[PDB]
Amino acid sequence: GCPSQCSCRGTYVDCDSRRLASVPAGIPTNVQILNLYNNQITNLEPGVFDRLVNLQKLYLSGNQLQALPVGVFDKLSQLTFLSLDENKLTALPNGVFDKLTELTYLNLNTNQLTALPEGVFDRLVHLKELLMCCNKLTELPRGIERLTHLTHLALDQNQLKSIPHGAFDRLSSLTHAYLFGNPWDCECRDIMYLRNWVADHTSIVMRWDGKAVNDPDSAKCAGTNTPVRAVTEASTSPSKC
């Protein structure tokens, strides 16, 4: 039976836009899609999802979360779709996604993340979309390098200064890469990999105007309107790093 404040249809439990401060009681064990989008949830109860072993899609987006309980998704072995975008997350628990081996979609857009746990994406072999725009990341999470099935990778509006050499080399399924809104350090020689990569993959670099628009110039050097892909090796220097 369905929670009082929510609406249920088959195994879809819809709790979105219902001014909820916490996950409601009475969510049926058979739930496969749980939608808590656009509420006022500031904290999650530890173990709040442990019973819902059948979940395939979980929307926690548009709430007020600053952290997640350790182990909060550990029982959701069936999950393929996890949206955490538009919260206020300042950290992720170590190993938070380790049990989500079937995950294909992960949205962390528009949070306050500055650094992620080491190996945070290592178990996510099947990931297709990894969206991390609009955070405060300063370094590319090493581990993305191994996510060979990615079609979408959103990194725009962070604090990234460069991309580690060869980090994108195995991402042969990438169709959308968002890179704008980062203070790319073009005075450093390390920028050359990104420079070369964008030059070699002009068709998949996207700016955003309401939807993706192909624009290889959208990545720009810090303090300039100079496109990263126009950077010359001469203008760079290994001393300035």
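From 1 onward, residues are counted along the sequence shown.
Quick one: say whether 82-90 or 116-124 has the higher mean Cα B-factor in the deposited entry.
Looking at the record's C-alpha B-factors, the answer is 116-124.
So which stretch wins on mean C-alpha B-factor, 173-181 or 59-67?
Taking the mean B-factor of the alpha carbons in each, 173-181 is higher.
Pick out which of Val96, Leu76, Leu140, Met132 has the highest C-alpha B-factor in the PDB entry.
That would be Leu140, according to the entry.
Select lowest, middle or highest to describe the third in which the CA B-factor of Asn214 falls within its chain in this entry.
Highest third.
If you rank every modelled residue in this chain by C-alpha B factor, which third holds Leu194: lowest, middle or highest?
Ranked within chain, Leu194 CA B lands in the highest tercile.
Name the third of the chain's ranked CA B-factors that contains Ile163, choosing lowest, middle or highest.
Tercile = highest for this residue's CA B-factor.
Mind checking which third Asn35 falls in for C-alpha B-factor across the chain?
Lowest third of the chain for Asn35's C-alpha B-factor.
Among all modelled residues of this chain, ranked by Cα B factor, put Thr202 in the bottom, middle or top third, i.e. lowest, middle or highest.
For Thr202, whose C-alpha B-factor we compare with every modelled residue in the chain, the answer is the highest third.
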